[PDB]
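**Student:**
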Amino acid sequence: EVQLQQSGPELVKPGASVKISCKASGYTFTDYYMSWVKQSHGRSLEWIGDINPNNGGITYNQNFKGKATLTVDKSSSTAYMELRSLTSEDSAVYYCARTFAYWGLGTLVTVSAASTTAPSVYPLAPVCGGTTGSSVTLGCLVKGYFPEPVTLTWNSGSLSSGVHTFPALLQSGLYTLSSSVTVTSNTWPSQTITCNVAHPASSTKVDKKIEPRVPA
Amino acid sequence: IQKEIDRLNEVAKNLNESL
Amino acid sequence: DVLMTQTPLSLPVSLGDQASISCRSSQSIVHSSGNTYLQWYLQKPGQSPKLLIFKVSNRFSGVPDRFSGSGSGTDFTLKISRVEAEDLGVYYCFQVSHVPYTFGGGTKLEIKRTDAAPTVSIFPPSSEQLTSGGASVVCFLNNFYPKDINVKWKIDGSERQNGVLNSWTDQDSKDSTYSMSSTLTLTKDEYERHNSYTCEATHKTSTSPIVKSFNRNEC
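Protein chains in written order, with the entry's author numbering: chain A, 1 to 216; chain C, 1179 to 1197; chain B, 1 to 219.
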């Protein structure tokens, strides 16, 4: 089958450059244009340009001239995009596509000054005291990591019903995410509930038991 | 590229069945 | 450049219902060959776009027959004769007749259900975060419908806007609700200088705002 294999995720400093690649298989590379498309914020799509692998001729989107340079290597059936003088606006998923019908899985490019940064992981027990209903909600805050992703589970994944894990957001160049879990109030604190967080890039692994807030 | 798009239904009808 | 305008932004439907999505071009999109290269895609979360229809009305490959594309001039339409769960996601039109090729802004297909009031929970900073100089107060607003919600933070009765971060889930696959997390971040020093912290939400299921508050000095 037609297959477009794109290079892995790129973490680039502001003002640097990065070169992305797309290896084609399952068809004759030089019989078809290769196109590149940018997607930001998981929605807006923009066409960057097309290259003819046979002669190297290019049709660019005027708005990406100077930002993007398209090349090909026929002997490896590979198309290349190099992105210049990167800024936050260049953080996006960049797709290659054949005839706009066979798409690669995309290459995430993240522009950031941050080094790899382990998260601080905080257990969120309810406000001290108070009345409880038939259910109780606990939380877990995963603050200030880089790059994505973290993995977060509750009781090693055993607790999955009643969980909401929210998409990470940026704050000071770093990611933050949170997650809530709702269980019957007969379940906690009588039984242990722990949020488990892993951040592979930093080899960070933290398990936080949710413990009732005590006054003293 | 437009001539390529013209020929898209040369392929067998076995792609994108789960959309 | 040709502007592609897609409506609606979001389309809530019931499974099994018909659905239609509109795409308006700001000018004619007829290529010099006489053909119109308007394509439709479905993109599912974390996935690459998948081609449904090319050249206005030609169904691609093994795309199910319940999908069809049509139109002329500056009106284009994608129809789904019977919406199924695998069709949920964002639909995009794309013109490849005039350089620069341009996409519509997408239409998200979602599940319609009855209104549901948010369950709101507020969490003070953890004692462990306090030892670090920062303080985040977290408010969860869970399992509500529709997705429109307004959240306000009050510190000692005064609205606080700086330092608020809001994050939404996608539609729940089991109950078709939405949830959201709202975090107020302050310095530890500031947090300890004030007493009352309030998460306030407005949602169409209540004529009054939903209030959840705690006092830093209560225990």
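Each residue gets a CB set at the ideal place from its N, CA and C atoms; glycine is no exception.
#1: Out of curiosity, what's the CA-to-CA distance linking B:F103 and B:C219?
#2: Is there contact here, the region 69 to 78 of chain A with the region 25 to 35 of chain A, by at least three beta-carbon pairs under 8 Å?
#3: Residues of the region 78 to 104 of chain B in Cβ contact with chain A at a cutoff of 9 Å, in chain order, please.
#4: Going along the chain, which residues of the region 44 to 74 of chain B sit with their C-beta nearer than 9 Å to a C-beta in chain C?
#5: Quick one: using the 10 Å Cβ neighbour count with 16 as the cut-off for buried, is A:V111 buried or exposed?
#6: What residues of chain B sit near A:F166, judged by a beta carbon separation below 8 Å?
#7: Which runs of the beta strand (DSSP E), 3 residues or longer, sit entirely within the region 56 to 90 of chain A?
#8: For A:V111, write down the residues that DSSP places opposite it in a beta bridge.
#9: Taking the CB atoms as reference points, tell me whether B:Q95 and B:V2 lie closer together than 7 Å.
#10: From B:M4 to B:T107, what does the alpha carbon distance come to, in whole angstroms?
#11: Do you know how far the Cα of B:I149 is from the Cα of B:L38?
#12: In whole angstroms, what separates the C-alpha of B:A135 from that of A:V12?
#13: For chain A, find out if any of its Cβ atoms is closer than 7 Å to the Cβ of B:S173; answer yes or no.
#14: Could you list which residues in chain C have their beta carbon closer than 7 Å to that of B:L42, in chain order?
#15: Please determine, among A:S115, A:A168, A:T132, the residue with the shortest C-alpha to C-alpha distance to A:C140.
#16: Cβ closer than 9 Å: which chain A residues qualify as neighbours of B:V13?
#17: Would you kindly work out how many angstroms separate the C-alpha atoms of B:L186 and B:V151, rounded to a whole number?
#18: By Cβ distance, which residues of its chain are closer than 8 Å to B:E190, with the 5 residues on each side in sequence left out?
#19: How big is the Cα-Cα spacing for B:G133 and A:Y145?
#20: Taking 8 Å as the limit between beta carbons, can you name the residues of its chain near B:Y101, skipping five residues before and five after?
#21: Helix, strand or coil: how does DSSP classify B:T74 here?
#22: Report the neighbours of A:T137 on chain B: residues whose CB is nearer than 7 Å to its CB, in chain order.
#23: Since B:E192 meets chain A, which of its residues come closer than 7 Å, beta carbon to beta carbon?
#24: Does the contact criterion of 3 or more C-beta pairs under 8 Å hold for the region 103 to 110 of chain A versus the region 78 to 92 of chain A?
#25: Under 7 Å Cβ-Cβ, which residues of chain C neighbour B:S33?
#26: Give me the residue from B:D65, B:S97, B:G71 with the minimum Cα distance to B:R82.
#27: From B:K188, B:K204, B:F67, B:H203, pick the residue whose C-alpha is nearest to that of B:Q18; which is it?
#28: Taking A:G42 as the reference, which of B:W40, B:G46, B:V63 has the closest Cα?
#29: Is the beta carbon of A:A113 closer than 7 Å to that of A:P14?
#30: Can you give me the C-alpha to C-alpha distance between C:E1182 and A:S91, rounded to a whole angstrom?
#31: Can you list the residues of chain A that B:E128 reaches, using a CB-CB cut of under 7 Å?
#32: What span of residues does the alpha helix (DSSP H) with B:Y191 cover, start to end?
#33: Does the Cβ of B:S61 have 16 or more other Cβ atoms within 10 Å, making it buried, or fewer, making it exposed?
#34: Short check: CB of B:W40 to CB of B:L88, under 7 Å?
#35: Taking 8 Å as the limit between beta carbons, can you name the residues of its chain near B:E159, skipping five residues before and five after?
#36: Should B:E84 go down as buried or exposed, given a rule of 16 or more other Cβ atoms within 10 Å for buried?
**Tutor:** Quick look at the numbers:
#1: The alpha-carbon atoms of B:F103 and B:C219 are separated by roughly 55 Å.
#2: In short, these stretches touch, since the Cβ pair count reaches three.
#3: Within the region 78 to 104 of chain B, the qualifying residues are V90, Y92, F94, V96, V99, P100, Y101, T102, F103, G104.
#4: Per Cβ criterion, the list reads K44, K50, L51, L52, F54, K55, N58, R59, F60, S61, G62, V63, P64, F67.
#5: Under this definition A:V111 is a buried residue.
#6: The contacting residues are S167, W168, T169, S179, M180, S181.
#7: Correct list: 58 to 60, 68 to 73, 78 to 83.
#8: Paired residues: A:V12.
#9: Yes, they are a contact pair.
#10: So the two alpha carbons sit approximately 12 Å from each other.
#11: Taking the straight line joining both Cα atoms gives about 36 Å.
#12: Near 30 Å, if we compare the C-alpha coordinates of A:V12 and B:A135.
#13: Output row for B:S173: interface = no.
#14: Within chain C, the residues near B:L42 are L1197.
#15: Considering only alpha carbons, the answer is A:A168.
#16: Near B:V13 there are no residues of chain A at all, since even the closest Cβ is about 20 Å away, more than 9 Å.
#17: When rounded, the distance between both Cα atoms is 17 Å.
#18: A135, listed in sequence order.
#19: C-alpha separation (whole angstroms): 17 Å.
#20: Residues of the same chain with a CB within less than 8 Å of the CB of B:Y101, apart from the 5 flanking positions on each side, are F94, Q95 in chain order.
#21: Here B:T74 sits in coil by DSSP.
#22: In chain order: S121, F140.
#23: The contacting residues do not exist; B:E192 stays about 16 Å from chain A at best.
#24: The count of Cβ pairs closer than 8 Å, one atom from the region 103 to 110 of chain A and one from the region 78 to 92 of chain A, reaches three, so the stretches are in contact.
#25: Going along chain C in sequence order, the residues near B:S33 (Cβ under 7 Å) are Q1180.
#26: When B:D65, B:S97, B:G71 are compared, the shortest CA-CA separation from B:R82 is found for B:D65.
#27: Comparing Cα positions, the closest option is B:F67.
#28: Answer by Cα proximity: B:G46.
#29: At a Cβ-Cβ threshold of 7 Å, A:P14 and A:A113 count as neighbours.
#30: Straight-line Cα distance between these residues: approximately 30 Å.
#31: Residues of chain A passing the Cβ test: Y122.
#32: Looking at the DSSP string, the run of the alpha helix (DSSP H) that includes B:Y191 is 188 to 193.
#33: In the assembly as shown, B:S61 is a buried residue. Its beta-carbon has 16 or more other beta-carbons within 10 Å.
#34: Judged by beta-carbon spacing, B:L88 lies beyond the 7 Å limit of B:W40, meaning their Cβ atoms are not closer than that value.
#35: Excluding sequence neighbours, B:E159 sits near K152, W153.
#36: Exposed, because fewer than 16 other Cβ atoms sit within 10 Å of the Cβ of B:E84.
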